[PDB]
Structure formats: C-alpha cells, structure tokens
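Note that we place each Cβ from the backbone using ideal geometry, even for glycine, and neighbour counts take in every protein chain shown. Readers should treat all values here as calculations from the given coordinates under stated rules, not as data from a laboratory.
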C-alpha cells in the first residue's frame, strides 16, 4: 500500500532484487537501495543505514550476511519492530544462524 | 453497624425474613437510585407468583428470568475484564455487556422527583422488559446467523443502522403516564417493537 | 508493647501532647541513628516560632517547605518505582528520588557517639540544607532547559559530571565544630556552592 | 508496608479475605495468559530455522541463475542499475491478532507495473525471465520471514511485561494480605477474651 521494501546489497544481489520488482524513485528522486562494492567505508555506510532507519517509508530492509557483519554494532544498536531488519546470505557467505542480531535476542534458545 | 452482615441482629433478622432487600453502598455512592444490590438479595415469592403471572400475562416469567441471566453475565464479565482492560471483549461479550448496561441505565433506576418515574405499574414494567429481551434476542440471532453463514455482523454495523431504534428504546423511559393515557404508551411500546423488527429486517 | 501505636497508653498520650516523634524499628534495623520516621511525626509549635526564626534568619521557610515537598514526593514515588522496577521514570522523577536518597543518607543520618556528631548547632543545619536544596534547584533547572530544547540531560550525565562534588557534599558532615571555627565552615560550604556553580556553568 | 492499613474487625476480615481471593484469581488468569504467550513464542520459533534454511538454498538458486545469466547477455548490470523508475512489488501492511496483543504483519503485493523488458542484451531474454521467477519466489518467502520476525521481536517484550506483572503480584501482595489477616484474627481473639474475663469477674463478685 504505502511502505516499500529496501535493499542494501552488493552488485549481484542488488541486480537480483531490482529484477524481482523491488525498486523505486521517490518524489525526492533517490534510490531506495544502496550498492556495496569493494571500496566503501563503514562510517558513511552507517550514516546511510541511519538514513534508512529514520526514513518512515521502508518497513523491511534486506542486508547480506557479511554486509550486515560489516556493520554489526550500529546494526544492533536499533531495537524496534516496525523497522524490521532481515539478514540474507550471499554467494560466498552462506547463511549463518550464529551471526544474527535477532537470534542473539533469543539467547540460550539452542 | 458498619454496613455488613457481621452483627448478630442483622444475621438473626436475615435468618427469618422471607424477603431480603440488601442495598449497595457503592450504588448509593453512584446515585443511580434506588441503590439495590440485585446480587446479595433474594425473595421466596417467585414460585407462588408464577401462577398469578401466568393467569394474567403469560409473558412475564421468561422475560424476567432472562433479565436476571443477562444482568448476571454482565456482572461476571465485569469481574473478568478488570485486568485485561476490556481488550478481550469479543462480539457476543460486547452484545451482552451493552444489553445489560442498557438494562442498568434505563430500566434499573428511577427519578422520584419527576412525573414519569414516581410510579411504574406492573404492565408497564412487563412491556419495557419484553422490549429489552426482544432486542437482545434479535441481535443475538442476527449475529449468530451471519457468523455461521457469511459476512459476520458486528456491533458497529448494528449501532450504525439502528441508532434510531436504540434511542427510541432508551426514550421509552419518558412515556409519562401522568400526562398520557395507557393506550398511547402501550401503542408506543408496540410500535417501537415493530420499528425494531423492521430495522433488523432491513439490516438482515 | 511491640511498637503497636494503637495501644491504650500511646492513644491517651497522643491526644494531650503537642509534639510527637514517631520512631520506626526498620530504620533502627538499618542503624539509621536516630531512627525517626519523619512522615508521621508533627509539631504544632511551628507557627509560634516562625516569627523568631525570621527575626534571626529569614531564610529557612523555603528550605523547610522544599524539604517536606521532596520527601513527600519521594514517598509517593516509592510505590511506582517498587512495582514498575525503576524504568518508567521521567528525568525529574529520578532527580527527586536520588536527591531524596542523598538527603536521607546525609542530613538525616547522624552518629550519637563519634566525636564529630556528638553535637550539631543550628547554623550548620542551615548550611547543609541550603547546600542540598540549591543543588536540587540547579540540577532540575539545567535538566529542564536541556529537556525542552534538545539533548535531555540524564541523571547519569550529571553523576559522571560531578561525582567528586557529590562526594564532597556528603563528606560535609565531618567537621567536629567544637575545634573548628564557625566562619571557617561557613566559608567551606560557600566554597562547595562555588564548586557547584562552576560545574553548572561549565555544563551550561 | 508489611500490613495493609485498616482497623482490625470482623467486617475487615471479610473484605481482606475477598481481596485475597481477587488477587488469587488475578494470578491464575495471568498464568493462563502467560501460557498462551509462551505457546505463541514457541510456535513462532518452531520452524523459523527451517524456513531460513529454505531461504538460504533458494537464494543460492537465484545466485547461480544469475551466474548463468552472466553468460548469454554480458554487462547487463549497469543497464539494469540505471533503469530504475517504479516498483512492481509492495508491502501491504496487515494486522495479526496472535493473542490479546496485536502485532503488525505484511502481505506480498503485485502492484501492477510489470517488470521491465531488456531485449537488446545480445538477445538473452529467457535467462533473465527465469532469474525474475527465481528472485520473485525468493522475495515472497522473504516477506513471510519478515512478518514472522516482526511478530517475534514484539512478542518478546510482551512476554517480559506479562511475566513481570505476574511475578510482582505473586511475590508482593499475597504475603502482605496473609500477614494482615493473621494479625486481624489475633486482635479479634484478644478482644473477645478480655470480655470473657471481665464477665467472669462480675460473676464471681455476684457470689458475695
């Protein structure tokens, strides 16, 4: 209806999810996703993550597993249900349950 | 002494009087007079008067019994909802709660300083109670039939379509016998019952 | 007999005396010498002595009133923090609770054998109360101004800001006035107020 | 604190026994709600791991489908990344009344503006179409996981507050009321015995 899924991913996953229909340019004419290449810094990535968090029109986010590891403290600094944040694997980093903030909230449930 | 049953005198008189008319302190603080408990009270004259009310009216006994059941179920649901903050009020619970709340507000308290309340005869009471049980019955039947079949009917559509019926039902209280005859008021009760029937048919 | 203040002798005594100093065994279990309750005690003679206390000081009434207010509000908040678990606290509430803790531990407590509080004259009492009330006022004003605009000051921030000043404030009571001069302690407490003002200006 | 402030009496005994009964019923009712909440927590966590493993392998499906799409077409990456105008998939937020507390959930929406058509990348449209299908199915399963995860995160604090309430009720008020009732029974006994003795002394005096 009004909220749009957003993707912070490397080039291949980003093409994959743009191909699945995920993607918009808002009235402000900006992408609702970010491209991750080899040459990026954790600090501006964290500021863009904050741009995502504070913006109201997202709901759910989709971040790779090593990309989510690269920003782990800032990622886990947020605890609110409405901005859902979900982790996905990648080609070279299959899924890892031991590395996940929400499954860390479920402490001792193993 | 103290407004309770501890004293020997109140115990002894309670143990030999046929009919007890316990009066609530809290309802006396609520100013919904007369402040009758309706729960700690009793009377051992139902059964004898059953024969009387069958010979003359043929309608009072089931209406009265249902009135007690609905009031009591409201009391029990009140005792339940205190903790959950009425969050778990379902549809049937809502109908029961509203029906008994209306019974409290319109037909369980009178104003002794006004012409339309200083005295209600038997037949007038029977008419109002018949009307109460009537709308309860029709509302419950409608919601049950629609929940079983399709397009469940909730209290929101009920309030929307038949606000006039409910207003008329609350305003039966003011059918002043002092300034009006018996024929007018009885025809009013019958015509409001038929209006409720017609409105429920419209919403069916 | 047993601390039960409803016993006959205390009941007869409370009606005749003018000043009453209720004492609490729980405090005496804490060794909170003197174990006075400070909430059920009273004294009808305050009105007759306000005139004297003005003809000598003129700067005690606000102190007393604010002390009563802070203690009363702490006692009210006691239940809310007991049930909740010290989470649902606006910053002013935490401020008053913790300043109440400081006044209770510092001004109210006093040892009755150690040389440095065998005796305590009135002026030191005035000095300590003025210090603590002024600190309360400055802390709340700073937190109000930083709350309305932005960057609401948490109590942890002021704690880490001036824990040393808090430590000096509490250790104020080590004086033994018998040896040291009165004006020396007055200048000492003025110096602590200067320290607090400097800290609040630097945070300002 | 340890005793509810009231004058002891028989009426008081009745009111305090009633208040104790009310507290007990409240405790039982809270226990039932906690049972339902932990049931919801367990059933939510039942197969989140399973569905997440399905997610991982489906992502790998889409991944090597992309690997094979890197073959026929070529350098499509920048062509796609530049062509970004509108979304064909959207979140239709719904509600889920799992218990007495309601948690938001989501729904998979096909908005309607079809996926765009790139027929020029050296004529490799078939691989792009199967890749579209793969990532569409993946995104469906992912919105399902997102709904589940949202409900889990809110239901955690819901359970915490309920458990705190029941614990505070069972370890504060009930002992207090019980001690108050013990004190009340003692006081009533005292008061009756005083009258007994004084009546006895009248009786003895009357013998003379």
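List of remarks:
- Per-region count, the stretch D:62-74, residues in contact (Cβ under 8 Å) with a residue 24 or more places away in the chain and surrounded by 15 or more Cβ atoms within 10 Å (Cβ to Cβ): 6
- Residues (under 18 Å from the mean Cα position of the chain (by Cα) and more than 9 Å from every other protein chain (Cβ to nearest Cβ)) located in the stretch A:101-110: A:101, A:104
- For the stretch A:82-97, a residue qualifies if it is under 16 Å from residue A:17 (Cα atoms), in a loop (DSSP other than H, G, I, E, B) and either without any contact (Cβ under 8 Å) to a residue 24 or more places away in the chain or more than 7 Å from chain D (Cβ to nearest Cβ) (or both), and exactly one does: A:90.
- Subset of the stretch A:80-96 [surrounded by 15 or more Cβ atoms within 10 Å (Cβ to Cβ) and under 13 Å from residue A:68 (Cβ atoms)]: A:85, A:86, A:87, A:88, A:89, A:90, A:93, A:95
- In the stretch D:2-23, the qualifying residues are those that are free of Cβ contacts under 8 Å to residues at least 24 places away in the same chain and either surrounded by 12 or more Cβ atoms within 10 Å (Cβ to Cβ) or not in a helix (DSSP H, G or I) (or both), and the one that is farthest from the other protein chains (Cβ to nearest Cβ) is D:5.
- Residue among D:121, D:141 that is touching a residue at least 24 places away in the same chain (Cβ under 8 Å), surrounded by fewer than 19 Cβ atoms within 10 Å (Cβ to Cβ) and in a helix (DSSP H, G or I): D:141
- There is at least one residue in the stretch B:168-189 that is within 20 Å of residue B:95 (Cβ to Cβ) and free of Cβ contacts under 8 Å to residues at least 60 places away in the same chain.
Yes or no, residue by residue, for (1) within 14 Å of another protein chain (Cβ to nearest Cβ); (2) closer than 20 Å to residue B:166 by Cβ; (3) assigned to a loop (DSSP other than H, G, I, E, B):
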| position | (1), (2), (3) |
| --- | --- |
| B:64 | no, no, no |
| B:83 | yes, no, no |
| B:94 | no, yes, no |
| B:130 | no, yes, no |
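- Qualifying residue in the stretch D:75-84 (condition: closer than 21 Å to residue A:33 by Cβ, touching a strand residue (DSSP E or B) at 6+ places or on another chain (Cβ under 9 Å) and surrounded by 14 or more Cβ atoms within 10 Å (Cβ to Cβ)): yes
Quick grid of which residues meet (1) crowded, with 17+ Cβ neighbours inside 10 Å; (2) closer than 24 Å to residue C:191 by Cβ; (3) touching a helix residue (DSSP H, G or I) at 6+ places or on another chain (Cβ under 9 Å); (4) without any contact (Cβ under 8 Å) to a residue 60 or more places away in the chain:
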residue: C:61; (1), (2), (3), (4): no, no, yes, yes
residue: C:68; (1), (2), (3), (4): no, no, no, yes
residue: C:72; (1), (2), (3), (4): no, no, no, yes
residue: C:96; (1), (2), (3), (4): yes, no, yes, yes
residue: C:112; (1), (2), (3), (4): no, no, no, no
residue: C:119; (1), (2), (3), (4): no, yes, no, yes
residue: C:129; (1), (2), (3), (4): yes, yes, yes, no
residue: C:138; (1), (2), (3), (4): yes, yes, yes, no
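- Every condition in (1) free of Cβ contacts under 8 Å to residues at least 24 places away in the same chain; (2) surrounded by 14 or more Cβ atoms within 10 Å (Cβ to Cβ); (3) in a helix (DSSP H, G or I) is met by residue D:150 except one, and the failing one is (1).
- Hits in the stretch C:1-33 (condition: over 22 Å from residue D:2 (Cβ atoms) and touching a residue at least 40 places away in the same chain (Cβ under 8 Å)): C:33
- Single unsatisfied condition, residue A:75 versus (1) more than 24 Å from residue D:115 (Cα to Cα); (2) touching a strand residue (DSSP E or B) at 6+ places or on another chain (Cβ under 8 Å); (3) within 7 Å of chain D (Cβ to nearest Cβ): (3)
- Only one of D:174, D:202, D:184 that is more than 9 Å from every other protein chain (Cβ to nearest Cβ), in contact with a helix residue (DSSP H, G or I) (Cβ under 9 Å, 6 or more places away or on another chain) and surrounded by fewer than 19 Cβ atoms within 10 Å (Cβ to Cβ): D:174
- Residue list for the stretch A:45-72, filter: touching a strand residue (DSSP E or B) at 6+ places or on another chain (Cβ under 7 Å) and surrounded by fewer than 16 Cβ atoms within 10 Å (Cβ to Cβ): A:48, A:57
- Meets criteria (more than 28 Å from residue D:190 (Cα to Cα), touching a helix residue (DSSP H, G or I) at 6+ places or on another chain (Cβ under 9 Å) and away from chain B (no Cβ under 13 Å)) for residue D:40: yes
- Meets criteria (surrounded by 11 or more Cβ atoms within 10 Å (Cβ to Cβ) and either outside any helix (DSSP H, G or I) or touching a strand residue (DSSP E or B) at 6+ places or on another chain (Cβ under 9 Å) (or both)) for residue C:168: no
- Count - residues of the stretch A:10-32 that are surrounded by 21 or more Cβ atoms within 10 Å (Cβ to Cβ), in contact (Cβ under 8 Å) with a residue 40 or more places away in the chain and either more than 7 Å from every other protein chain (Cβ to nearest Cβ) or more than 18 Å from residue A:59 (Cβ to Cβ) (or both): 1
- Sole residue being under 19 Å from residue A:88 (Cα atoms) and surrounded by 14 or more Cβ atoms within 10 Å (Cβ to Cβ), chosen from D:100, D:26, D:56: D:56
- Search result, residues across the stretch D:100-118 that are part of a loop (DSSP other than H, G, I, E, B), in contact (Cβ under 8 Å) with a residue 24 or more places away in the chain and under 26 Å from residue A:61 (Cα atoms): D:101, D:106, D:107, D:111, D:112, D:113, D:114, D:115, D:116
- Selection from the stretch C:105-122 of residues that are assigned to a helix (DSSP H, G or I) and over 13 Å from residue C:173 (Cα atoms): C:122
- Where residue A:2 falls short, out of the listed (1) within 10 Å of chain D (Cβ to nearest Cβ); (2) surrounded by 12 or more Cβ atoms within 10 Å (Cβ to Cβ): (2)
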